[PDB]
Each structure stands twice: as C-alpha cells, then as structure tokens.
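Read the single chain below, which is given as structure tokens and is the form deposited in one PDB entry.
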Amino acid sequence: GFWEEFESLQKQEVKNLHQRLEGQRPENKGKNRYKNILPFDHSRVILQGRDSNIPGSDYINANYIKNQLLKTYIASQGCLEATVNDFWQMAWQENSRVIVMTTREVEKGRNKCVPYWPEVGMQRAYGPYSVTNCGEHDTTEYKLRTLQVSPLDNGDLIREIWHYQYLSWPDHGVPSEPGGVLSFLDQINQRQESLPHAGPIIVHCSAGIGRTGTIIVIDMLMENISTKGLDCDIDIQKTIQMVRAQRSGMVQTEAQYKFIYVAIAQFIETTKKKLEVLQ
C-alpha cells in the first residue's frame, strides 16, 4: 500500500525536475545575473542560517552537481556585490574546502564576478564569517589563494579553503591547448582527495553554466577514466545531458563542447604514454 502510494507521488516530482520558481521570487531579482539563468528548484543549494520568515532569504543561484553515472560539485554563478555574503554562507555550510573560479572579475570590459576574497594579509567579515587571505601562489595560467575562514561567533573554529582562479580562459573562447586546464584540475583533485571529509568542490564562472559546466564535465570524465581504466565507455554527450538535468544549460558553446573532447583526448594519450613506459 504505502510504497505504491509513495511512488504515485514520486511521479510528480519527476515531472517537476525542470522548475525554477525560487529564482523568480521578486525578492531574488537582484541575486541573479540573468533572469533566464536560474537554478532548478530540485537541486538548488538552499542557504541555512537564514530566516524562513523572510521570502527568498535561503536563495543563491547555484546547484549541486553529482556524477550520476559513477566526489561532488556545486555549480554556481559568480558573485554580485549583493550576493558575496550568500556565497560565504554556502561555502561554510557545505564544508567546501576547494573553490574553482574559471573567470577573471572583468573580461573585455564586462563584469563577470566581483571579488569575494580580501587582499593578501587582509582580514574582513562577509556577514557572520571572517575571511583572511593568508597567501597566494602564482603560476602561468592560474593563481592559488589560501583563505582562512571562521564564524564570527566562534572565532577559533578555522577552516583553510583553497581558492583556485584560472586566468587564461575567457567566456568568449577556450584555451589554445588543454594542458593548462588538465594540470589545474590535477592540482585541484590532489587537494580535494587529500581531504576525505571535505564537502563539494565549488566551481563558478560568471553565469555558472558555460566554463563551469565545461570544467565539471572534463573532471567527471577524468575521474571515470582514472577509476575504471582506458577501457571505459566515455560518452561525453550522455555526461553533458546528465549534468544538464541538474543545472540548466551546462556547457553552453560549440567551442566548449570541442574543448572537452580535446582535453579528454590529451588526458587519455598522456595516460597511455605513461602506462606504456611502465610496461
């Protein structure tokens, strides 16, 4: 009786998998970069520590993404000034220890993301959290900032968060070679794997679907390969569709689509050459 009746209610939620009502509350209008790029209600990140008596207080334009054909991710839009505190609430509650920013703050005179970290050696509050930038390391393609975050009501409860910003991947194109992105993801994965208890990796660009979707799909495919071997079914189209069921529009452009193929092809060839050496 019960499970059959329950299944009859599971039906409605299946059909509702494409709704994006929360992002359309009038209270949330200033929290979106684009009125038409909204998180699916079913997978949206719901902010805690907020007053449920205030409509929209739980909102952020971001969704959980998991590899439903295999670690997990959050795909987020890039901060507006009005949403920087919301971003830090999200990172704290999810226990995220790695942030992956795939955009510059401004590209070609267009705002993409406001900075939500302090300069090195600076400490400041973002709502009820204190964030300190403890140091930076520059490579040719990306910058790593080590942030220390703690609740203002619990000052000694410190978490280190590693913030990786890719600097050479414009919203209007893709990198000329995939090597930079592949080594960037290798460092990110080494960091994440070193922390079994860490929450989802937070990945963002400007709208949170283009470069964000592209880098997440590359990472999931690399994971699949590293786990199953070079024998595995690599189905890029299927992987993208799976990720699109969780946040609308992930992997936006034809250049991004081709870049996934180019990145994975190089990853496979590099892997094969190393294995050839070991045998």
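The first residue of the sequence shown is number 1, and the count goes up from there. Take the two forms, superpose them, and find the largest set of C-alpha atoms that agree within 1.5 Å; that set is the rigid core. Residues that one form lacks are left out of the comparison.
J.: Quick one: classify how much of the deposited chain lacks coordinates between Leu70 and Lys71, choosing none, 1 to 3, 4 to 9, or 10 or more.
T.: 4 to 9 residues are missing.
J.: Between 35 to 43 and 57 to 65, which has the higher average C-alpha B-factor in the PDB entry?
T.: Per the PDB entry, the higher value belongs to 35 to 43.
J.: Mean Cα B factor from the PDB record: higher for 164 to 172, or higher for 94 to 102?
T.: Between 164 to 172 and 94 to 102, it is 164 to 172.
J.: Taking the values straight from the PDB record, which of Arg124, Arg159, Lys108, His204 has the highest C-alpha temperature factor?
T.: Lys108 has the highest C-alpha B-factor of those listed.
J.: Identify, among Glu193, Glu136, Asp186, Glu81, the residue whose C-alpha carries the highest B-factor in the deposited PDB entry.
T.: Each of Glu193, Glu136, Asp186, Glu81 was compared by C-alpha B-factor; the highest is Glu193.
J.: Comparing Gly208 with the other modelled residues of its chain, is its CA B-factor in the lowest, middle or highest third?
T.: Lowest third - that is where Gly208 ends up once the chain's C-alpha B-factors are sorted.
J.: For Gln19, does the deposited CA B-factor place it in the lowest, middle or highest third of the chain?
T.: Ranked within chain, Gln19 CA B lands in the middle tercile.
J.: Once the chain's modelled residues are ordered by C-alpha B factor and cut into thirds, is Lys238 in the lowest, middle or highest one?
T.: Highest third.
J.: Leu152: which third of its chain by C-alpha temperature factor?
T.: Highest third, going by the recorded CA B-factors of the chain.
J.: Give the position of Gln48 by CA B-factor within its chain, expressed as the lowest, middle or highest third.
T.: As the PDB entry reports it, the C-alpha B-factor of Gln48 lands in the middle third of its chain.
If you look for the form deposited in another entry, you will not find it shown, but the lines that follow are about it.
J.: After the core is matched up, is the C-alpha of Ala265 off by 2 Å or more between this form and the one not shown?
T.: Result for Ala265: no, shift under 2 Å.
J.: Quick check on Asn16: with the core superposed, does its CA move 2 angstroms or more between this form and the one not shown?
T.: For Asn16, whose C-alpha is compared between this form and the one not shown after core superposition, the shift is 2 Å or more.
J.: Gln93 and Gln10: their C-alpha distance differs by 3 angstroms or more in the other entry. Do they come closer or move farther apart compared with the shown form?
T.: Farther apart in the other entry, by 3 Å or more.
J.: Report the direction of the Cα distance change between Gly23 and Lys15 in the other entry, compared with the displayed form, as closer or farther; the change is 3 Å or more.
T.: Closer together, which means the C-alphas of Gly23 and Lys15 are at least 3 Å nearer in the other entry.
J.: Using only residues present in both forms, find each stretch of at least 3 consecutive residues where all Cα shifts reach 2 Å or more between this form and the one not shown, with the core as the superposition reference, and list them in order along the sequence.
T.: Three-plus residue run displaced between this form and the one not shown: 1 to 17, uniquely.
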